[PDB]
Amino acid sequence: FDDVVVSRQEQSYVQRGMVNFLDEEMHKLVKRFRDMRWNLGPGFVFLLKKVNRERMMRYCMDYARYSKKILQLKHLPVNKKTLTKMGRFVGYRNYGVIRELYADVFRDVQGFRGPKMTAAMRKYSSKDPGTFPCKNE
């Protein structure tokens, strides 16, 4: 359970893979509203991206550790390519959880509007996922 050591750099790969996967799936749900021409607000999309990053941060240390772990266990190379894919895999495993949290976003804002976008929110939204804190909260 705790015999694997992962570098910050290796953690970054896992964080990016996970957040990239979740953001990609997210953008697909967002299209649902766009296709309807019933625009979800930028503040709403921001809240969704935040769900993705906070879920990744929740158990970040374990996600990175066990991603590197499984690779070693399966005798596979441990690098940016394989760690990024493990991150994406973790994102996949967590899709159900994520969808339930998006549900909370909807009722939390009492609609599809979402808060107004501020500079701070845009900065957070563009921040490299690989630079978010990585520790089990």
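In case it trips you up, residue 1 is the first one in the sequence shown, and so on.
Taking the mean C-alpha B-factor of each stretch as recorded, 107-115 and 85-93 are not equal, and the higher mean is that of 107-115.
Just going by the entry, 14-22 versus 116-124 on mean CA temperature factor gives the higher value to 116-124.
For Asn52, the recorded CA temperature factor ranks within the lowest third of the chain's modelled residues. Split the chain's modelled residues into thirds by C-alpha temperature factor. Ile98 is in the lowest one. In the PDB entry, a CA B factor belonging to the highest third of its chain's modelled residues is recorded for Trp38.
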